[PDB]
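Engineer: pasting the first bit of my complex, frame unchanged:
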Amino acid sequence: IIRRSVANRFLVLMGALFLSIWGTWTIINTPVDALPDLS
């Protein structure tokens, strides 16, 4: 069910690179805090 997925390894690599870059970006730009509003 994933044989068609391994036959295009290059697309998977490009998608993984895009995802890694997007994740690094959102992590660099995500707001961080501690004990958020809970009252």
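Structural biologist: Received it, and whenever you're ready, just let me know what you need. Numbering: from 1, shown residues only, chains lettered A, B, ... in the order given.

Engineer: Which of the helices or strands spans residue A:23?
Structural biologist: Residue A:23 belongs to helix A:9-28 when elements are defined using DSSP states H and E.

Engineer: And residue A:36, how close does it get to residue A:29?
Structural biologist: In this view, residue A:36 and residue A:29 are 18 Å apart by C-beta to C-beta, to the nearest Å. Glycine gets a C-beta too; all of them are placed from N, C-alpha and C.

Engineer: State the distance from residue A:17 to residue A:4.
Structural biologist: In this structure, residue A:17 and residue A:4 are separated by 21 Å, where distance is defined by C-beta to C-beta.

Engineer: With neighbour numbers in mind, choose between these two.
Structural biologist: Regarding residue A:17 and residue A:4, a neighbour count based on other C-beta atoms under 10 Å identifies residue A:17 as having more, with 10 against 7.

Engineer: then chain B, please:
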Amino acid sequence: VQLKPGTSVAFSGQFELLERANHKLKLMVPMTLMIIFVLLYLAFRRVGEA
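Structural biologist: Below is chain B, added to the chains above:
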């Protein structure tokens, strides 16, 4: 130029927004170009053609 107690200085103008705009596109234009590569060799399945 000395400063008097109770005085502040700041800068502004069009230039400011530019410092962002270029940066922003300088961050995205590459990725867009990559979106071309991945989508280009789908008809050829080889990098040389793209």
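
Engineer: quick one: the helix holding residue A:23 near chain B?
Structural biologist: Yes - contact between helix A:9-28 and chain B is present through A:10, A:11, A:14, A:15, A:18, A:21 (criterion: C-beta under 8 Å from any C-beta of the partner chain).

Engineer: tell me the contacts of the first one?
Structural biologist: With contact set as C-beta atoms under 8 Å, 6 or more residues apart in numbering or on different chains, residue A:10 has these partners: residue B:41.

Engineer: And the fifth one, by the same measure?
Structural biologist: Taking C-beta under 8 Å, 6+ apart, we find residue A:18 in contact with B:31, B:34.

Engineer: Over in chain B, which residue gets nearest chain A? Let me know.
Structural biologist: When C-beta to the nearest C-beta is the measure, chain B has its nearest residue to chain A at residue B:38, with 4.5 Å between them.
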